[PDB]
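Each protein sequence line maps, in turn, to chains A and B. Last residue of the first sequence: 223 (the entry's author numbering), numbering continuous. Last residue of the second sequence: 221 (the entry's author numbering), numbering continuous. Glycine is no exception: its CB is placed at the ideal position from the N, C-alpha and C atoms.
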Amino acid sequence: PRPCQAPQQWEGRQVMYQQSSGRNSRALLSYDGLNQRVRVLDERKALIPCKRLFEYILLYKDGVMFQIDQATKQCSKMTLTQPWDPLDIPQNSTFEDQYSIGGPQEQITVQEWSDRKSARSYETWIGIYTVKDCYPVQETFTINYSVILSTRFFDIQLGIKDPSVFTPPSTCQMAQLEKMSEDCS
Amino acid sequence: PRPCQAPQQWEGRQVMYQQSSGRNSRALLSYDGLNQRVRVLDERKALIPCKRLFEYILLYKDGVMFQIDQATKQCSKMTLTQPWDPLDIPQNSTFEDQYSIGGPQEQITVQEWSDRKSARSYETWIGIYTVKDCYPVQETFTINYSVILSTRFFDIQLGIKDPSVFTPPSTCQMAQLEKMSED
Numbered sequence: 039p040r041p042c043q044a045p046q047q048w049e050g051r052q053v054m055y056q057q058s059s060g061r062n063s064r065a066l067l068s069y070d071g072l073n074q075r076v077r078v079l080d081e082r083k084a085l086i087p088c089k090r091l092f093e094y095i096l097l098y099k100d101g102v103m104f105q106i107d108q109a110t111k112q113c114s115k116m117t118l119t120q121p122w123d124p125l126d127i128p129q130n131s132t133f134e135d136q137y138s139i140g141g142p143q144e145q146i147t148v149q150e151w152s153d154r155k156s157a158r159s160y161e162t163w164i165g166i167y168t169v170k171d172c173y174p175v176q177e178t179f180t181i182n183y184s185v186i187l188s189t190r191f192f193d194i195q196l197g198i199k200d201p202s203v204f205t206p207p208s209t210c211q212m213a214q215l216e217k218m219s220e221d222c223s
Numbered sequence: 039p040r041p042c043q044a045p046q047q048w049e050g051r052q053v054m055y056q057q058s059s060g061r062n063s064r065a066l067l068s069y070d071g072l073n074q075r076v077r078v079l080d081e082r083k084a085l086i087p088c089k090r091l092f093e094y095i096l097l098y099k100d101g102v103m104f105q106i107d108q109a110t111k112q113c114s115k116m117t118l119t120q121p122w123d124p125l126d127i128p129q130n131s132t133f134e135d136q137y138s139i140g141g142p143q144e145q146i147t148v149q150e151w152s153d154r155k156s157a158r159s160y161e162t163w164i165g166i167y168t169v170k171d172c173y174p175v176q177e178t179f180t181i182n183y184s185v186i187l188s189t190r191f192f193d194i195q196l197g198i199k200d201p202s203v204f205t206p207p208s209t210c211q212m213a214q215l216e217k218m219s220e221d
């Protein structure tokens, strides 16, 4: 099996697990592969634990990220140290397995890909994409075999419906220069 | 939305994350909800790192787990602290959400349920099950909102092809009382 080409612009929702917190966080996502930008709007279901809701606009072209309190519109601007890393399967990945989620009438077939050298082979980005359309399902990053971060994607709809979602608000002009906490006060 | 009725007998494969270790492990699974028995055969994926493969047979109606070394069939026999908890949606669970996995023209709709409640929004179990079929997709157990374990399921086939998979090997007749590590 060769790697499919993932769509480069879409919007839906995600659930991100982070080792650093032990927790799952939900958000709306806007992924612009064409423009090497991303926007993440934190979503809440349960009111507890108590946390502040943020909006993130990442603009790898301009080497900057903005983080915006969804309520009060406060804005802190920060550097982009990390290099652009798209949601597609890199051409040299290793095919790991293929499986079916669900059952007859409904099911979906996905493939799992990693970066892993047969001669002492282990996997450090692990991507799950659907077979027919190449939609991203899941992305996991591993250090020394242990999960650091894993994101599930869903409710994917193609394209960016309104690119203004990547336009920071006025409040970012005089933006602060360090990350605002999520902790309830 | 009310809770769908998940099939009580099937076999497939799974991938289980554990917060304790931070790692995922693979296995085949045979789930027999009717007879309260589960069989787990650890699947190897790759060396790196090096760990030994067991098979687990869980016979809840007899209060015991067997752990079997796949390379040697050495058996240890372990009392189950566990009480039986089936892979279904408890009638009284809370509806959390419905969403689509995949994308247009290659999509599957699922529902997320928990034992969380409206007034003091707090969980221990969170299942993901398909809307149409009620197949299991994913289970997470959390404490104080933190992930303890999370299992993803796939290649589900209804029924049990060979119920002798639930029958311990004869070596479990002279079982050890104590457990085997992997290294």
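- [ ] Consult DSSP for residue 203 of chain A and reduce its assignment to one of helix, strand or coil.
- [x] Three-state DSSP puts residue 203 of chain A in a helix.
- [ ] Going by CA-CA distance only, name the one from B/186, B/99, B/166, B/156 that's closest to residue 71 of chain B.
- [x] For residue 71 of chain B, the nearest C-alpha among the options comes from B/99.
Task: residue 113 of chain B in three-state terms, based on DSSP - done: Looking at residue 113 of chain B - three-state DSSP - the assignment turns out to be strand.
- [ ] Sort B/207, B/127, B/115, B/79 by Cα distance to residue 225 of chain B and report the nearest one.
- [x] Shown here, chain B extends from 39 to 221; a query on residue 225 of chain B therefore has no answer.
Task: Proximal residues, the region 77-94 of chain A versus chain B, C-beta separation under 8 Å - done: Listed by position along the chain: 83, 84, 85, 86, 87.
Task: Counted within 10 angstroms of its Cβ, other Cβ atoms place residue 223 of chain A as buried (16 or more) or exposed - done: So residue 223 of chain A ends up on the exposed side.
Task: Nearest-angstrom Cα separation, counted from residue 168 of chain A out to residue 116 of chain A - done: Spanning the two alpha carbons is a distance of roughly 34 Å.
TODO: Go through its chain and collect everything with a Cβ distance to residue 138 of chain B's Cβ below 8 Å, but skip five positions before and after it.
DONE: So the list reads 145, 146, 147, 148, once near-sequence residues are dropped.
Open item on the list: What residue range does the beta strand (DSSP E) around residue 65 of chain B cover?
Closed with: Segment 61-70, the beta strand (DSSP E) holding residue 65 of chain B.
- [ ] Use the C-beta contact count for residue 165 of chain A: other C-beta atoms within 10 angstroms, 16 or more gives buried, fewer gives exposed.
- [x] Buried, because 16 or more other Cβ atoms sit within 10 Å of the Cβ of residue 165 of chain A.
Task: Run of the beta strand (DSSP E) containing residue 40 of chain A, from where it starts to where it stops - done: Careful: residue 40 of chain A lies outside any beta strand (DSSP E) and carries neither H nor E.
Task: Near-chain A residues of the region 183-195 of chain B - C-beta to any C-beta below 7 Å - done: The region 183-195 of chain B vs chain A, Cβ under 7 Å: 183, 184, 185, 192, 193, 194.
TODO: Would you tell me roughly how many angstroms separate the C-alpha atoms of residue 143 of chain B and residue 82 of chain B, rounded to the nearest one?
DONE: Approximately 34 Å, taken between the alpha carbons.
Open item on the list: Using the Cβ count rule (16 or more neighbours within 10 Å means buried), how would you classify residue 52 of chain A?
Closed with: Its Cβ being crowded by 16 or more others within 10 Å, residue 52 of chain A is buried.
Open item on the list: Contact criterion: CB-CB distance below 8 Å. Does residue 51 of chain A meet it with respect to chain B?
Closed with: Closer than 8 Å: yes.
Task: Whole runs of the beta strand (DSSP E) within the region 117-184 of chain A, excluding any shorter than 3 residues - done: Correct list: 132-139, 146-152, 163-168, 174-181.
Open item on the list: I need the DSSP call for residue 108 of chain A, collapsed to helix, strand or coil.
Closed with: Residue 108 of chain A falls in the coil class under three-state DSSP.
Task: Member of B/76, B/159, B/215, B/201 whose CA lies at the smallest distance from the CA of residue 93 of chain B - done: Selected option, being the one with the closest Cα: B/76.
Open item on the list: Under 8 Å: do the region 202-212 of chain B and the region 104-111 of chain B share three or more Cβ pairs, one atom per stretch?
Closed with: With a cut-off of 8 Å, the region 104-111 of chain B and the region 202-212 of chain B count as touching, because enough Cβ pairs lie within range.
TODO: Can you tell me which of the three DSSP states residue 221 of chain A falls into?
DONE: Residue 221 of chain A falls in the strand class under three-state DSSP.
Open item on the list: So, for residue 198 of chain A: in the same chain, excluding its five sequence neighbours on each side, which residues have a beta-carbon less than 7 Å away from its beta-carbon?
Closed with: Excluding sequence neighbours, residue 198 of chain A sits near 47, 49, 68, 70.
Task: Partner residues on chain A for residue 59 of chain B, Cβ-Cβ distance less than 9 Å - done: What residue 59 of chain B touches in chain A: 183, 184.
Open item on the list: Based on DSSP bridge pairs, tell me the residues matched to residue 80 of chain A.
Closed with: Residue pairing of residue 80 of chain A in beta bridges, as defined by DSSP: A/65.
Task: Buried versus exposed call for residue 101 of chain A [16 or more other C-beta atoms within 10 Å across all chains shown] - done: Exposed is the call here.
Task: residue 123 of chain B classed as buried or exposed, judged by whether at least 16 other C-beta atoms fall within 10 angstroms - done: Counting Cβ neighbours within 10 Å, residue 123 of chain B comes out exposed, since fewer than 16 surround it.
Task: Residues that residue 159 of chain A contacts on chain B, provided the C-beta gap is smaller than 7 Å - done: Neighbours of residue 159 of chain A in chain B, taken as residues at a C-beta separation under 7 Å, are given in chain order as 84, 86.
Task: beta strand (DSSP E) segment containing residue 54 of chain A, residue limits - done: In the DSSP annotation of this structure, the continuous segment of the beta strand (DSSP E) that includes residue 54 of chain A starts and ends at 47-56.
Task: Length of the line joining the Cα atoms of residue 162 of chain B and residue 152 of chain B - done: Roughly 7 Å between the two C-alpha positions.
Open item on the list: Can you tell me where the beta strand (DSSP E) holding residue 95 of chain B begins and where it ends?
Closed with: Start and end: 92-97.
Open item on the list: At a CB distance below 9 Å, what residues from the region 120-142 of chain A approach chain B? Give them in sequence order.
Closed with: From the region 120-142 of chain A, only 134, 135, 137, 138, 139, 140, 141, 142 have a Cβ closer than 9 Å to chain B.
Task: Contact set between residue 3 of chain B and chain A, taken where Cβ atoms lie within less than 8 Å - done: Since the displayed chain B opens at 39 and closes at 221, residue 3 of chain B lies outside it and no answer follows.
Open item on the list: Within a Cβ cutoff of 6 Å, which residues of the same chain sit near residue 79 of chain B, ignoring the five residues on either side of it in sequence?
Closed with: Cβ within range, chain order: 65, 66, 93.
Open item on the list: Going by C-alpha to C-alpha distance, which of B/182, B/88, B/74, B/130 sits closest to residue 62 of chain A?
Closed with: Ranked by Cα distance from residue 62 of chain A, the first of B/182, B/88, B/74, B/130 is B/182.
Open item on the list: Let me check understanding here. Comparing Cα to Cα, which of B/40, B/88, B/54, B/185 lies closest to residue 158 of chain A?
Closed with: Comparing Cα positions, the closest option is B/88.
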